[PDB]
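Inspection log for the structure reproduced underneath, given as structure tokens.
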Amino acid sequence: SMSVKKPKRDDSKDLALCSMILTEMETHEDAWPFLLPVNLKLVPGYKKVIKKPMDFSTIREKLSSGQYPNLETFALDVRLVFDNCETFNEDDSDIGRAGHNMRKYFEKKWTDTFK
């Protein structure tokens, strides 16, 4: 509360460390469904159904331009990428499996880097 604070967690490396995680996600062999925004002209149903599209290139640009206020807003966008994927793709599809794999990969890096 006013004039009553928990001890200050060092957040000075968060930007660099989220960048490193995102590099590792970009270079995973199962990243291909997620590298670029879904083409809303060429994929029927995507625009109407997926209210907040997100992809790694869009996260990279937001990260690079100071549009994440803290590491939690960064994790929310990464998870959005996988939540969108589950919304639109059957579990038993190459893209559906890709999304589950990448989510797992991300959540482990996230825990190991920050928890």
Would you compute the Debye intensity of the chain from its alpha-carbon atoms alone, equal scatterers and no solvent, and pass along log10 I(q)/I(0) at q = 0.11, 0.12, 0.20, 0.23 Å⁻¹ to two decimals? -0.40, -0.47, -1.11, -1.39
Output wanted: per-residue J couplings in Hz (rounded whole) for the range 39-46, from phi through Karplus 6.51 cos²θ - 1.76 cosθ + 1.60, θ = phi - 60°, x for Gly and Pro. 7, 5, 7, 9, 10, x, x, 5
Rounded to whole Hz, the Karplus (6.51, -1.76, 1.60) HN-Hα couplings of the range 53-64, x for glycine and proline: x, 8, 8, 5, 5, 5, 5, 4, 5, 4, 4, 4
With the charge dipole of the chain built from beta-carbon charges (+1 for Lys and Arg, -1 for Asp and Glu) about the Cα centre, the Cα from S3, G45, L15 projecting farthest to the positive end belongs to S3
Relative exposure of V38, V78, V43, judged by other C-beta atoms within 10 Å (fewest first): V43, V38, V78
Helical contribution to [θ] at 222 nm, DSSP H n ≥ 4, -39,500 (n - 2.57), averaged over the chain, rounded to 500: -18500 deg cm²/dmol
Under the Karplus relation 6.51 cos²θ - 1.76 cosθ + 1.60, θ = phi - 60°, what is the ordered set of whole-Hz ³J(HN,Hα) values for the range 100-115, x standing for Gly and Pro? 5, 4, 5, 4, 3, 4, 4, 5, 5, 4, 4, 4, 5, 7, 10, 9
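Every residue, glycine as well, gets a Cβ built from its backbone with ideal geometry; the counts of neighbours run over all protein chains shown. Here, each number is a calculation from the coordinates, and none is a lab measurement.
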